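Notes follow the structure.
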Amino acid sequence: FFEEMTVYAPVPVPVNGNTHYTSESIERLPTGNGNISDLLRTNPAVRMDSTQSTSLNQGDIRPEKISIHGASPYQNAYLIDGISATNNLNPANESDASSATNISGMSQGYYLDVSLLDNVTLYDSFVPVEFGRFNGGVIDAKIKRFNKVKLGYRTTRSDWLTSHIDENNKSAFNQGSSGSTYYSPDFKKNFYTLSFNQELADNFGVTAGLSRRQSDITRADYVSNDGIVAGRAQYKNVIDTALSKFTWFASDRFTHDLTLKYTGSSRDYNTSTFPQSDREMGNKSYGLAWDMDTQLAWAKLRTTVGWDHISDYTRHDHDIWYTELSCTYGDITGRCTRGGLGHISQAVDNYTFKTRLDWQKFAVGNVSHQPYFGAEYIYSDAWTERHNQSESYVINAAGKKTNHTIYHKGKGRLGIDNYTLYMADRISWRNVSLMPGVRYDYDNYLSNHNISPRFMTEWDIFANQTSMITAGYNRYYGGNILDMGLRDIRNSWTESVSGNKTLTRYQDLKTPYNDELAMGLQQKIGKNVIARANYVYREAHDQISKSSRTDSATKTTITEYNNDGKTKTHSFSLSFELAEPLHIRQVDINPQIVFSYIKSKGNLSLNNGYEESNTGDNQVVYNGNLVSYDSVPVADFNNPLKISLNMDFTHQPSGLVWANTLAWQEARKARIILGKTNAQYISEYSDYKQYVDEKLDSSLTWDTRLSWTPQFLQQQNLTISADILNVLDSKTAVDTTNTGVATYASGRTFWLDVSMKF
Ligand SMILES: CCCCCCCCO[C@@H]1O[C@H](CO)[C@@H](O)[C@H](O)[C@H]1O
Ligand SMILES: CCCCCCCCO[C@@H]1O[C@H](CO)[C@@H](O)[C@H](O)[C@H]1O
Ligand SMILES: CCCCCCCCO[C@@H]1O[C@H](CO)[C@@H](O)[C@H](O)[C@H]1O
Ligand SMILES: CCCCCCCCO[C@@H]1O[C@H](CO)[C@@H](O)[C@H](O)[C@H]1O
Ligand SMILES: CCCCCCCCO[C@@H]1O[C@H](CO)[C@@H](O)[C@H](O)[C@H]1O
Ligand SMILES: CCCCCCCCO[C@@H]1O[C@H](CO)[C@@H](O)[C@H](O)[C@H]1O
Ligand SMILES: CCCCCCCCO[C@@H]1O[C@H](CO)[C@@H](O)[C@H](O)[C@H]1O
Ligand SMILES: [Mg+2]
Ligand SMILES: [Mg+2]
């Protein structure tokens, strides 16, 4: 509806607030593990946490965190075919640790292998009324409709990866861990894909995508008090993906779709120091969706009936975790800790009922109107469970148990009703396009009536589509964190002597939101250059943070959640591309320059999210100065300037495609909290928290993918590809400890993949 200059460049970029990633572009770009986060790292609206996936943990194949326009990584709406696929149970808890209540999770409900998706669409700004419950952006994964059998093999290993490690981390890295932080010294990645589409009957068919991504990380199974490794074992990390879509083109009026979705993540861990501490930590999501499109003469009606199960779990091998003062395990003699703390889980089931009505285009004088309305109902069943009774204790040689704790078999469930109403009008007069809209959200979890005004306007300045300006104002209200209401039930299962149970105060919370002011320019320079300039301003208000206290008499820790967090972020992007690529001796060259600049100031850390507790600090000492906390730069997802030269080489006679991305990223600042002993500390300001920012290293990263399709074979069935990540083997310090011990980004990495079509 809005006029747009299509992206012919190597890397997709934001057009009118949205970026489209086709399967061609997902396959052409080197995407590592093939998680949606690998696809979106190149987007100028996105910032990753460079301290997350480092030289120390390339074995892990799970999806990574993404910040859109300064928003936190738990504030994005992840959807599959327009249906919510976001894990709102407790996305901030990523800890791989073992405990009675620890469960590792993230915001992505399904860890989807992107190589099976038809396309992925990211909305970063000018987001329409249909999308909601997010503070930063919307990621919409789309499933292919029948239109072919493809087999794909992809592999990599620790031998093909260069690890830049500080000498201080060498021992922990070789063992495979340091307490609850796990490393991947030795690993082998085998990824298998199977995709097919088959017409089953007249106007009826199905598409099925299956993917098994496995990483076998080798660590020490047992480490002694001395630090002596006794043996090594293989810890299976696997993500299974199963996607399927049935389409029945029943008639001119009706079209039916039935979608089956399933992602199975499973990771084996153990505590090196504790014998018999094996545990399976995982995440399982599956669901169904019946879509129906009814075409009438005056309007189009789209209905969706859906069910999704999103879960995370910890399943120890053992049910008892205990400390023997005189060890009876194997040949261990001293004090030893053995076992595990059973099986726990957390889940949310959504029952979705959506409707959208698209009225036919009509005129009121010379002003063209195309309105649309939506109504949605989502029932959420959210729960946490302790599957088996567990115990902990210290036992003496005689058999006397002390410091005994019992974890009781239990389950706690929550029922939530979510409603959505929305309407927008597509207004078009001459060279001006207008889309005014309003979205309404209500839930009985926080019981807040949320009104989101949504407005974007586009002006074709000369009406020849050479200069187009887009401006807009939009409000984005986020979703809920179900842990707040569920944790107390999980903490009540604990029966111990001096254990503080929890009381969580959250029902008076206002829903967190972003106000956005955005301006976009699409400009044709000369005959062959397309230039895109975008500015996005985001004010993040009523951001969730907390404060706590422990009460002795009642033996309770009272956490009171609040809306004290606030950030201001300025986002700028400048892109240059060619309408026509160069042609030299049959080699087609497609070049692109992308500038991305994101500066954010706030009184919180994005990684902390709703668990942030320092928002009550109105003032801080920052780099020797007593300043307002809101004026201080945000400490994470903080590499402000990004400059990229992207270049695709295509030589059809030889069946070769050469994709290259050269990315220069600005150094991030590592925040350090100063103690009274610190040389830079100021006693004058002792009543305030004091921080110093240490700038680290900038990174020049060259990622490449060389794809060969042997021309001798009829139908071009076979394709062999090589991916090289960080070709220059840049050594970049992503993070540093208080002592000065540095964490490094990953070094040169080689990926080999084969695909056969039939
Ligand atoms: C398509 C994938 C081709 C892989 C070719 C082998 C990659 C070699 O990889 C290199 O090997 C060196 C010696 O073993 C190591 O020192 C380097 O760290 C490693 O990057
Ligand atoms: C219909 C089945 C579709 C997927 C086919 C690929 C499954 C690969 O499966 C893998 O095979 C390996 C064989 O060496 C085993 O060692 C692994 O444990 C297994 O996960
Ligand atoms: C998961 C989908 C459930 C619906 C069952 C599939 C019905 C397919 O029905 C098909 O419809 C065609 C007309 O559209 C006819 O020409 C075919 O003979 C008939 O098999
Ligand atoms: C596609 C389905 C469209 C949305 C259906 C809206 C149903 C509204 O239902 C109403 O919700 C109120 C709020 O909890 C309740 O107080 C009322 O008792 C209930 O009937
Ligand atoms: C949170 C308490 C109700 C849980 C849902 C139970 C089964 C569906 O009952 C729902 O009740 C709502 C009223 O609250 C209505 O708005 C819905 O239309 C109705 O489907
Ligand atoms: C078509 C969509 C209809 C649903 C709109 C949401 C109406 C929310 O309405 C609210 O319902 C609560 C009960 O759950 C009451 O406590 C509130 O007083 C009432 O304002
Ligand atoms: C398509 C490009 C649009 C350019 C928009 C104007 C430049 C925005 O610039 C911003 O202005 C703010 C004003 O208070 C300052 O606070 C920011 O530091 C500054 O970066
Ligand atoms: Mg290596
Ligand atoms: Mg309330």
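Both backbone and side-chain heavy atoms feed into the values below; hydrogens, waters and symmetry mates do not. Both ligands and their constituent atoms are indexed starting at 1 by order of listing. The chain is numbered in sequence order, starting from 1.
Note: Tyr286 and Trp307 have tilted aromatic rings, judged against thresholds of 30 and 60 degrees for the angle between ring planes.
Because its NZ or CZ atom is both nearer than 6.0 Å to the ring centre of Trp751 and within 45° of the ring axis, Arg154 counts as a cation-pi partner of that residue.
Panel note: side chain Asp96, backbone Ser180; no donor-acceptor pair is recorded below 3.5 Å. Side-chain N or O atoms of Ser277 include one that pairs as donor or acceptor with a backbone N or O of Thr271 at under 3.5 Å. Using a distance-only test at 3.5 Å, with no hydrogens or angles considered, no donor-acceptor pair links the side chain of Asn33 to the main chain of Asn35.
At a threshold of 4.0 Å, the pair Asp216-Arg157 does not count as salt-bridged, since none of the basic side-chain nitrogens sits closer than that to a carboxylate oxygen. A salt bridge is absent between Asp268 and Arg279: the closest approach of a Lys/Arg side-chain nitrogen to an acidic carboxylate oxygen does not fall below 4.0 angstrom.
Here is the list of ligand 2 atoms found below 4.0 Å of a heavy atom in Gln214: 20 (O).
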Report task. Assess whether side-chain contact (heavy atoms from CB on, under 4.5 Å) is satisfied between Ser163 and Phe173, documenting all intermediate values. Result -> CA-CA 10 Å; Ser163 269; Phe173 181 69; 4.0 Å; yes
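Excluding waters, the set of protein N/O/S atoms under 2.8 Å from the Mg ion (ligand 8) reads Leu161 O.
Counting only N and O atoms by type, the side chains of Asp49 and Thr51 include a donor and acceptor under 3.5 Å apart.
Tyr153 and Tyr192 have their aromatic ring centers within a separation under 6.0 angstrom.
Under 4.0 Å from any atom of ligand 1, one finds heavy atoms of residues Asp159, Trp160, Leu161, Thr162, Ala722, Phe750, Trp751, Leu752.
Of the polar atoms of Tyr192, none of the N or O atoms is found under 3.5 Å from an N or O of ligand 2, judged by distance alone.
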